[PDB]
C-alpha cells in the first residue's frame, strides 16, 4: 500500500503464572485460559460441572513475554509505532526497560511511538496482567455498596468497575471465565515521514444523481522538518477508478488535519439484504512525498442513507429505519459473543455466522451491550451481506459508576470505537445501554439502597447515557442515530407504554404468557423477545453424560442461567405437545416448540406493519454449549427456530392466522415491487392425503410493495367440524397470473397435542458423495415437524424441521466437508407421533 513495513508480533510468546518463574509457550492473540487448556492445566471448561474448577484462574496475575529482532536499517526509519489492538484488561507493558503503557480498557486500541526505545538486535517485550478481580477488590471495598449486577456471578459485583466485556463475569446463558490476555493483534510499523491516524469518509449528501463526500484525514508527522506532500484520494469500483482528487500541503510536525471533497455522479447505492446489492466502493487515501507513497489507508464504502425515525404520532412514538428513503421493516436477531474466549473465534466462524443470517433473510443484527464492540471483520461481513448493525455501547442491566476517572475511560472507548466503525455502510445506530433505565425504574432499587445512593445512581445515569455518550456520537458520528437505552420507554408489564418506542417483550418466557399473546401484545418495534430450548443431542453429548439426561439434573441446571429455568420449558411444552417420556424425544420436541412459538410472534410483527416496524429476536447465537434462547447452538447447528425464522422472514409470506374459531389469510411483502393479478389457492387435506371439499380460489389479488394486507376471512363453523380440525391441514399457495408459484404455506387448525396423528414410517433413499448427501423422503401419511438428525457437527441442511406432507416426496441436501463417499452418513428421522404411544 505504501513504503512502511509491518511486523506482526504473533510468535515466540510465552506466559507465566506470576510468581512461579515457570514459563510456557503461548499463542497471541489469545487468552490466559486457552494457554492453560493447551497445556492441560485446566479441564475442558465447557464439559460437565467443570465451571467451578476453572474459577481460580481469575485470582492469579499473568505475565507474557516475547522477543524480536530489529535491524540497523529498520532502526533508521523515521518512525516506529507499536500498536495493541486489544489488551484485556489491566496490563503494564514494558519494552527494553521502559514502561510504555498502563492499559485499563479492553475496548481501546493503543498506538505507541517506540523508535527511541528500540535497540539494534534483540528487543524484549513484557506484559504484566493484573487480575481484574484483585485489581478491583480495593475499589469495591471503598465503594460502600454492591452494584446490583445480578449477571456478575460472584458475591462482589466487580464487573461494573472495569471496562471489560460484561458477559465475561457470567450471564444468564453464559459461563464465568474472567480471562486476560492480548486479545487482538500486536503490530510494529516502521515508516517514513507520517502515518494516517484516521481516515473518515464523511457523506455530505446523496441523491440518485450525486453523492458528495468529504475525505477527512488526520496525519501524524513524526520528523522535525516541514514536509511538502500531496494528498490523494482514489475512488474505485471493482478495480476501476471512478474519481480521483488531490491536494498539496506542507505537513507540519505532529497532527495535521486534511479535508478533500470528492463526488460520485450517478452513485450505485448500497442496499440491504432483500432489496438489492450491497455495493461497496473502494476509497484509498495516500500521502505522497516526492516519489514515495509514505502512507496509505483504504475503506470500503457503501453509499446509502439510513434514517431512524423516532417521532410522536397517533399511536405513541414510532421507531423505524428508512433506508435509501424507503421504510424498511427490520428482520433479525440479537447477537452475543460467539465464545467465552474471544480470540478462539476464527475467520471461518464469523463468515459462517453471516451466511446463517443472510440465508435466514435477515437485514439487521443488534450487537447487544453485554458483549464487545465487534472486530473489524464482523462489520466488513455485515457490509458485504447487506445487514444493518444496531451497536449498543458495552453497558448492560446494571447502573454503572460515573466518577470522573471512570467517565474518562468510557470517553476513550467511545471515541476509539466510533472512529473505528464509522466508515461501515452497515452501521445504522448506537444505543447507550441494555435495560439500565428499565432497571432503575422497575427492578426494585429504591428499596435495596439508601435514598442517597439511589439518587447518586440516577444522576450517574444521566452523566453517562444522556450527556457523555450522546455528545461523543454527536461529535464523531453526527449523522447516526443514538438512543440512551433499549427499551427506552416501553416496559413489558405495562400495556399503556407499548405504543412508545421499542419493546423488550419478555411477557413470553419471564411472564409465562402463551405465544398467542404475541398476536395481541404489539410493539412499535420488537428489539427483544425469546424462548429457550435445549440444543440437539450431538451438542448435549459435547457437555453431558446420559446419567448424564433429565430436565433438572445437576448438569442440566448447571447449564441453565435464567432466573427457572428448565421447569418453564416443560410448562410451555405441556400446553401444546404431549410431553415425551424420553430425554432425547423431549429435546427434539423442545426444539420444535421454540421454533413454532417464536415464528408465531415473528409473523405477528410482520402482519402488523406499519404499527410494528421491526422484530429482532433474542437470541441469534451461543458462546458455549448451553440451554438458551439461541436459534443456532455453539457448534453452528441450526435449531428449528433458525429454519422457522428463515420462513417467517421470507420476502413474500402467506400468513394464515386463526383466532376466535375464524381464519384470516394475510399476504405480507417486503419486496420493493408491487405484485399484480395474483391468485391465492387453498385446500383442506386430511392426514392420508385425501382432499376434503373443493379447492378455494381467491383471484385478482394485488400485493403492494412493503405491506401486509388481509385477502381472505372465513368462519370455521359450517366449514370444518371439530373432527376435521383434528385430522386435516390447510395447504395455501400464491401464484402469479400464469400459475407460477411465488409462495406457499401450511396451516394446522388445532394444537399439535390435539391432532390425531397417524403412526407412520418416513422412508428415505440416499445418494452420498464427498461433501454431500442427497436424501429423498417419503411418507404415505403426514409426519409432523420432522427432524433429520445426523451425528456430524455443523452439517448443513437445505431444510429441516418441516412437515412431511402425505404422499409428497421431499428432497433434502446435507453438506459437510467431513462427508466421505463410502462411509455412509448416520441419519435418524424423528417426528411428533413417534414420541408417544
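Numbering follows the first chain given and starts at 1. Here the rigid core means the biggest group of C-alpha atoms that line up within 1.5 Å when the two forms are laid on top of each other.
Structural divergence in 7 other deposited structures of this protein between 575-583 and 538-546: following superposition by the core, 538-546 has C-alpha atoms lying farther from the shown form. When the other structures are laid on the shown form by the rigid core, the stretch among 554-562 and 658-666 with the greater C-alpha deviation in 7 other deposited structures of this protein turns out to be 554-562. As recorded in the PDB entry, 691-699 is the stretch of 649-657 and 691-699 with the greater mean C-alpha temperature factor.
Averaged over CA atoms, B-factors in the entry run higher in 670-678 than in the other of 568-576 and 670-678. Listed residues 623, 347, 728, 485 were ranked by CA B-factor as deposited; 728 comes out on top.
The PDB entry gives the largest Cα B-factor of the residues 356, 317, 552, 452 to 452. In the deposited entry, the Cα temperature factor of residue 479 places it in the middle third of its chain's modelled residues. When all modelled residues of the chain are sorted by CA temperature factor, residue 419 is found within the lowest third. Per-chain ranking of the deposited C-alpha B factor places residue 150 in the highest third. Ranked by C-alpha B-factor against the other modelled residues of its chain, residue 534 falls in the lowest third. For residue 617, the recorded CA B-factor ranks within the lowest third of the chain. Only modelled residues enter the ranking.
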